[PDB]
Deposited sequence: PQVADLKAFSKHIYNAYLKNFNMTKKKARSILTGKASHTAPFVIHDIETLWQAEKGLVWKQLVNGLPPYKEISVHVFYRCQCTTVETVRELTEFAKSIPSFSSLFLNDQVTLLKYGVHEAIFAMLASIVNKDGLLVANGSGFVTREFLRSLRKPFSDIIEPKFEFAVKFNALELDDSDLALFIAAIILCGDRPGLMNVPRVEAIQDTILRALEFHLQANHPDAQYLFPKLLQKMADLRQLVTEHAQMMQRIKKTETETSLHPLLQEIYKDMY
């Protein structure tokens, strides 16, 4: 049953991800709690944020880079358990599960990223802090170059105004993608992806009645995410080749192997 298929993915989304877009958006607006997030806009406030774990300190731009690794790695662990909560996904052999996570987590991460982003920055520390975009721009290359492209995508992505129910299905479609290199059972995954996209279109018709061309637009965003991630990978291989003092989390090294 497709209606129940969708609802199961929605529950897995709520059960496995720390913050919903509804949570984040209320913070970024200021309705939620009378204590707004602590703004990190420069070195001082960055230091104050740390006061109130990671590899040896090298410098500020690299410190930010490590904080980013921690969030990506943490989000990978949530995507893994969210995917595992999808019965269709757990029926695949374990190696096929790894292939899809290896080549899908980053696409899923930059799509979820938009939920905690606005034109001015993003949330950190579970909504307790807000890092400004101008500050992340002030970092030295190539760390400023690896951050700014995501904001440009996030702002155009938020213009679609998806709610958490849309995103749950949207993320499952990104993970269950038959195009990944080295997949063993392509037709199985192709079928699963087709069921999700069908349920996604069915969902959007109900959830966004007066939103036209929303489904083809999201398919275009999926294509955009492949471009964004591929560019991100090149910049990562740049850091690995030119930033000797910058280490990489082993899990991410396996993804970029």
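Asks: Tell me which segments of the deposited chain sequence are not represented by C-alpha atoms in this structure.
Replies: In sequence order, the gaps with no modelled C-alpha are 1 to 4, 57 to 64, 270 to 272.
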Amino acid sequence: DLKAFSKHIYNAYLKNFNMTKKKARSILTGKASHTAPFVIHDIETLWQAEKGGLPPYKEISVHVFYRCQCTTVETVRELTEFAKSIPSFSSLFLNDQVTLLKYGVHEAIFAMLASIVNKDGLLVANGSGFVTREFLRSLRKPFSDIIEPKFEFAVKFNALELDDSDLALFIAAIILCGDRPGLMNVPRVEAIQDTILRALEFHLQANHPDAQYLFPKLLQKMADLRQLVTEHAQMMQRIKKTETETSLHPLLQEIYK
From here on, numbers count along this sequence of modelled residues.
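For clarity, a rigid core is taken as the largest C-alpha set superposing within 1.5 Å between two forms.
Asks: Superpose on the core, then say which of 221 to 229 and 57 to 65 ends up with the larger RMS Cα offset from this form in 7 other deposited structures of this protein.
Replies: Once the core is superposed, the stretch further away in 7 other deposited structures of this protein is 57 to 65.
Asks: Specify whether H34 falls into a modelling gap in a third or more of the other PDB entries of this protein.
Replies: In at least a third of the comparable entries (those modelling both sides of it), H34 has no coordinates.
Asks: Averaging C-alpha B-factors over each stretch, which comes out higher, 83 to 91 or 113 to 121?
Replies: Higher of the two, by average CA B-factor, is 83 to 91.
Asks: May I ask you to compare 210 to 218 and 187 to 195 by their mean CA B factor in the entry and name the higher one?
Replies: The entry gives the higher C-alpha B-factor average to 210 to 218.
Asks: Between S128, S165, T71, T132, which one tops the list for C-alpha B-factor in the PDB entry?
Replies: In the PDB entry, the greatest C-alpha B-factor among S128, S165, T71, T132 is found at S128.
Asks: Out of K156, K150, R140, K102, which one has a C-alpha B factor higher than all the others in the entry?
Replies: When the deposited C-alpha B-factors of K156, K150, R140, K102 are compared, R140 is largest.
Asks: Please rank the C-alpha B-factors of the chain's modelled residues and tell me whether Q205 sits in the lowest, middle or highest third.
Replies: Top third by C-alpha B-factor.
Asks: Please rank the C-alpha B-factors of the chain's modelled residues and tell me whether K240 sits in the lowest, middle or highest third.
Replies: Highest third, going by the recorded CA B-factors of the chain.
Asks: In terms of the CA temperature factor given in the entry, to which third of its chain does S61 belong: lowest, middle or highest?
Replies: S61: CA B-factor falls in the middle third of its chain.
Asks: Looking at the temperature factor on the CA atom of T230, which third of the chain's modelled residues does it land in?
Replies: Lowest third.
Asks: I40's Cα B-factor: lowest, middle or highest third of the chain?
Replies: Ranked within chain, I40 CA B lands in the lowest tercile.
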